[PDB]
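Enquirer: Opening piece of a complex, kept in its complex position:
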Amino acid sequence: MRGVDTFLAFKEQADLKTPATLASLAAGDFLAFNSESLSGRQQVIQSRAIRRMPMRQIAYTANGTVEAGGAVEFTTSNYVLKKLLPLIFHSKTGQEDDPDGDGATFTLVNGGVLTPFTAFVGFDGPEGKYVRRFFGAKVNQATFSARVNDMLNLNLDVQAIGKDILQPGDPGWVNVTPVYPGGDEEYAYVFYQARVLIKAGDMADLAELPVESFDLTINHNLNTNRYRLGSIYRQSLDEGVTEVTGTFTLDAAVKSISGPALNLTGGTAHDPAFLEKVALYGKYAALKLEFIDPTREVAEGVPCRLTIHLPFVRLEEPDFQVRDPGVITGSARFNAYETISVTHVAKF
Amino acid sequence: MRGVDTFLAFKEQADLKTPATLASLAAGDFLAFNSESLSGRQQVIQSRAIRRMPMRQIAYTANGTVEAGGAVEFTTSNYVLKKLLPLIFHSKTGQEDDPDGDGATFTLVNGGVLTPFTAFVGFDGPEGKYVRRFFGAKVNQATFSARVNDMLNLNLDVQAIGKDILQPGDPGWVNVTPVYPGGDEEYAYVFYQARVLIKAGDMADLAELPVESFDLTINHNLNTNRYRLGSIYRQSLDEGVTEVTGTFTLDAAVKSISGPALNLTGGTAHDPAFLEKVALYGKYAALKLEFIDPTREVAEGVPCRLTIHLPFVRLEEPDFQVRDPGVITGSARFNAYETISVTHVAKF
């Protein structure tokens, strides 16, 4: 088996306890991934009765509860986002390829819930065919990462109810053919399209920051321990409170590339302790991570675009340590507070 | 001091509390090792009485209990095994160099106990002569490791009662000369002699697995905390339940090199999810780690051989992650259940 012999497919299922059938997979369900580490784990229960025994005996063990899930890395692209953003957020308004050019907005809602899906990890090649199926899956975490000389990456952390294998001859077995978007229809988001804009204090507009990298994790804190007496499986994946944190690396005392000067008073003079003072006075900033593809247009003059709005964010001490006589660089961590909104304008 | 200036010697002592004498060492007691890290440690007790003091004062400290032991690595060889297998297992039946060619079998027995021994780490050279003696030693763990382009390694984890130094002029000092087997009498077990055979489900015979490496730890879980009021030494090293775990690295959806096809039904068709299904259905497999030296014969046609039988083994999710577009490889951990049996056929 080689990695190229495997296909990944997500399929939104109706209920958490009813897997999607292998026969329902179609176009848009198959995703190209960088790596997947989904696996199941079962507990082994040993009897506590005292017994003289050199090793552990087969007659006194029982199979305990079952866990499942893992990580999947993606290269955030046209169709990857179309598939996965509905799985990460609670609501969606609009269509990405809308002709007016407003795209689809994904947000968290008060009593919102996550869509459960079935993750298929199918195989093929000289050895034979079989499909790992992870039913009742939910997205526990989602990290957006942007580095230089890289593409926008998305690392999902999935929690499923259970795993099972499917093979030729099984009842629900169907010979699926992975169908993917053409090379011309699909495109990725690259580092040279990224923009990080900040706005704290009495700044009038968002000012662009020269950052070297950025991360953004949406953590849904699923309750992965709801077990029952008559079952070995999880009985739910209840989503807790969503923690939206992140990071970005930049230099100390940086000026803005565009927009107003970084000044907590709205003045024109640059503030060399801007981020340090934002972290030290407990002020709330407004981040905006934006990817724009000008070569591609959704409307007459509307470009394809992925935007992440964080209207209320609290920075931590930016970590501008003097390590050596070079340029002082560091990473500024933050926590998003009130709302998170992802807009995706794209043509498929 | 250089490593070549040191000798290691194990000497089986009668009782746990009576060290072997330096004068009793003879041929077969001295072993060639890759490395040893045996050391003693004593506790320092501070008085809890309140006292104004900038630092800790000498008058209010006392010496507490004493620990000892460490690790010793060996290149599993002819004589290394002859010496160490009786120290790792509870029973032994037969002689390795028996002319019929059945070798000696080492197993764990119900009320079995471990042999205590004295480990001597002697030194020599320009600096002078002295011997570290670790009395009341027992084997806590023993890991067999086989890599490619390597020899079979054995890492012992020893727990002793105490340490003491011996020097010219001490009462029990004797000038020992390490005596080792000739280069022609002694031989090691190499990677190209190894065979890993499995058998699960309704398979008829053991099928050979192409594995890249394998590990096997026998953990005796000694109770290393039996202390007494009138003594600083451990009062026993009570052996708990023996945990026999292991690992082996191989590719995903591997066929067998020899024997029946890997199929949990005994059929002829190959099963690409064999190990995954074994781990997922909680089935018990039968491992066999075997080293055969055909160039060396114990009887008319019986070759020297080291075999490890694990008739009942439970695999964990084999860890066949799709990390990249190359070959899918992973490590399959397991736990042995009912019995462990090591057979050693060798001529000395």
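Expert: Structure received. Numbering: from 1, shown residues only, chains lettered A, B, ... in the order given.
Enquirer: Strands along the stretch 1-150 of chain A, start to end?
Expert: Defined through DSSP state E, counting those that start in this stretch, the strands belonging to the stretch 1-150 of chain A, from first to last, are A:7-12, A:30-31, A:33-36, A:39-46, A:61-75, A:91-93, A:104-107, A:117-122, A:131-146.
Enquirer: ditto for the stretch 201-348 of chain A
Expert: Taking DSSP E, counting those that start in this stretch as the criterion, the stretch 201-348 of chain A carries its strands at A:207-209, A:211-219, A:222-223, A:238-239, A:243-251, A:285-297, A:303-315, A:329-336, A:341-345.
Enquirer: Out of these, flag the one nearest residue B:204.
Expert: Proximity to residue B:204, assessed across these by Cβ to Cβ, is greatest for strand A:222-223 (45.2 Å). No exception for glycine: its C-beta is placed from N, CA and C like everyone else's.
Enquirer: Within range of chain B, give me the residues from chain A.
Expert: Residues of chain A found near chain B (Cβ under 8 Å from any Cβ of the partner chain) are A:1-4, A:6, A:33, A:35-37, A:39-42, A:44, A:52-58, A:61, A:63, A:121, A:123, A:125, A:127-130, A:132, A:163-165, A:167.
Enquirer: add chain C to the structure above, sequence below:
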Amino acid sequence: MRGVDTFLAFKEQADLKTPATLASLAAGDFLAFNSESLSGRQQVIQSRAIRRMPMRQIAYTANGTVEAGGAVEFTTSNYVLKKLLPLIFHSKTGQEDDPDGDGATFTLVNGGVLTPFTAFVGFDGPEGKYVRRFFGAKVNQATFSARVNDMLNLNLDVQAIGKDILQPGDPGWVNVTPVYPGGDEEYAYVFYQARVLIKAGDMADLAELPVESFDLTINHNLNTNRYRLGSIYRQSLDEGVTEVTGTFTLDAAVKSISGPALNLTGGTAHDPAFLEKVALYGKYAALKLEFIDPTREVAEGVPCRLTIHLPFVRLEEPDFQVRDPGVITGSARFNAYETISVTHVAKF
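Expert: To build on what is shown above, here is chain C added in:
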């Protein structure tokens, strides 16, 4: 032994692990080569056990894993290509000597694999007869080179599983007589038959470039490290992703010999920064390396021909350094992207 006393022979074997027999060699298996450097290499394992020793002792060494392979240079000719092109590419459609004059096309296919073969390097003469046999061989790299006042050369880089020697008295020994094509049937491809044509931007047709030389390497990136415990041999030669790079030397600001003018807009005016702009704007060009032999015809009016199509190619900064007051010359490296197609029209 003189070079003229040696013969080379490639024999396509069925499986990677089953060498071809010396008795199966026939016409077309024997190839005339410029040079061969195929050799085997075995690892020597030293025991890590500490031992006082001035030098390394025989009793504590073991033979490790085995490598094989090397390079073979050929003068790309009628029969050399007929033999070797099936070994370099995954698919072949048609026959070179087809009467319609379309020749055979060799391309890489998605799940394609390389043909394993056995390379015989036999000897003869006053000393005696013996044959080096390299079984399980695969083509790792293949470089086509064209210089002025030279013939088209082909340098193969071979990776085999192992080597073995055959001599009179061995079981599989047969007295082979190298049989080669007549001097009239065989012909080579010379420098004055070469044509390099390019096409980038909005150019309508392929324009001929006056180049001084060109190279083209097809690198299959075989995985030459799949080793196993119970064996000293490689267990496979898995082919990775094929890297098709190349080079050609030419002058700076060259006009085309024939075809449209070198202009990324399709105009008639010559563009003196054509290749520099192609490299600087990241444009994809279409190369065509073609050898035509008009004196030799396959059909009524179809000449023998070797063509290499590279429909998508990315140039690097052409390296047009001003080194002195003479003509500015340099080498333009490139990487082929989507597909590679070699057509061979030839009569045997």
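Enquirer: Is residue A:192 located within a helix, as I assumed?
Expert: Yes - judged by DSSP: H, G, I helix; E, B strand; the rest coil, residue A:192 forms part of a helix.
Enquirer: what separates residue A:185 from chain C, distance-wise?
Expert: Separation of residue A:185 from chain C (Cβ to the nearest Cβ, to the nearest Å) stands at 16 Å.
Enquirer: That residue: what's its closest spatial neighbour, skipping adjacent residues?
Expert: With sequence-adjacent residues excluded and distances taken as Cβ to Cβ, 6 or more residues apart in numbering or on different chains, residue A:185 is closest to residue A:348, at 6.3 Å.
Enquirer: does that neighbour really touch residue A:77, like I thought?
Expert: No - taking Cβ atoms under 8 Å as the definition, residue A:348 is not a contact partner of residue A:77, at 10.8 Å.
Enquirer: circling back: what residues are up against the residue nearest to residue A:185?
Expert: With contacts defined as Cβ atoms under 8 Å, 6 or more residues apart in numbering or on different chains, the neighbours of residue A:348 are A:78, A:79, A:82, A:96, A:97, A:181, A:185.
Enquirer: following sequence is chain D, place it on the structure:
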Amino acid sequence: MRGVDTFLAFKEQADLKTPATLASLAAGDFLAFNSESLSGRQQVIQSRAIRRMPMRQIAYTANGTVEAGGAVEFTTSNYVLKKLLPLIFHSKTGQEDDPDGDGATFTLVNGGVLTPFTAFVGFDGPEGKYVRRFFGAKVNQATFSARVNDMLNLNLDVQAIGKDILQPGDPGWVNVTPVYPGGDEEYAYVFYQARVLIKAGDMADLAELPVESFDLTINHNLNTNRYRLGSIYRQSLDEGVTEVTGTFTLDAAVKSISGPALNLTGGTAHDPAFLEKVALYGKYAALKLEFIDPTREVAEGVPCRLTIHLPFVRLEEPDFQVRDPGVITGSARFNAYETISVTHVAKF
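Expert: Chain D, in position alongside the others:
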């Protein structure tokens, strides 16, 4: 294109990110060079998503960050120095052609910075006209070399932000005519004008060394890796610490041509281990590389002169190996420590 068809021009730009216009070039901007190797390089990013593919596909590549720069060799002359010394050093005091005859002194200052410039490499001739423009260029290294039967050479190593091509019809295109100094106004510095003077220990004055050649590199250690998310270009070329090293070849146990005797005590007796003892006792010497043109005078009796003061220098083991029965010769490397000062007295 021939080398004589090309012109080089340096133009000091105001900011690092604003190229100089082709219309601003005037007299003194065009320099005669021995050779130039300035070029740009862009990174190609491949998507890490797994995909079955024989070669690399166009749809899954992106253009990464951009590098630029290279080397330019000059024959250190009247105007070459006038142009380039301000680009190599941080400060300048005075005018070279000052009538008092003190010339201009170039030194490194504590918080000093390097002047960014735009390097134009224009072309012309039968093929057509186009200009390579390297904006945001800085001098990374500068090596002064003096050999026998040669002229003083200067090899610059330039680091730029990016490259771009200019052609008739572009917006910023202007038909520039290279204007150079007359043959009578311009002159070079030759080997027979050089003087190397040393002074270590308690020597009273500088003593002249008979050296065969000398080199002097000023390395500014620019930080060429400051990249940003929203851009493919370098965001700065921050200059680190300037390393001033060098070399000079001479014989072993050389006497001084003029000045005091080479004696670390200031005595009159010659010291045959002078340089060996300077290197072995870690002493600091004072070098002076001086070129004097007596035929040319700036004031009534002040000759044109290029002087390089290295008041604190540490030699390495002079490398006076006994290679054969001839004269023992070797090269003495050194590192300059506290300051470097270049004085240029010249009339234009």
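Enquirer: now with chain D: the contacts of residue A:348?
Expert: Listed by Cβ under 8 Å, 6+ apart, the contact set of residue A:348 reads A:78, A:79, A:82, A:96, A:97, A:181, A:185.
Enquirer: Looking at these, spot the one nearest residue D:215.
Expert: So of these, ranked by how close each gets to residue D:215 (Cβ to Cβ), first place is residue A:78, at 55.8 Å.
Enquirer: what about that closest one, how many neighbours?
Expert: The criterion is other Cβ atoms under 10 Å in any protein chain shown. On that basis, residue A:78 has 23 neighbouring residues.
Enquirer: and what of the one 10 residues further on?
Expert: For residue A:88, the tally of surrounding residues (other Cβ under 10 Å) stands at 23.
Enquirer: Name only those of the contacts of residue A:348 that count as buried.
Expert: Among those, those that count as buried by neighbour count (16 or more other Cβ atoms under 10 Å in any protein chain shown) are A:78, A:79, A:82, A:96, A:97, A:181.
Enquirer: contacting residues around the third one?
Expert: Right, residue A:82. Taking Cβ under 8 Å, 6+ apart, we find residue A:82 in contact with A:28, A:96, A:344, A:346, A:348.
Enquirer: again, only using 7 Å
Expert: A:96, A:346, A:348 (Cβ atoms under 7 Å, 6 or more residues apart in numbering or on different chains).
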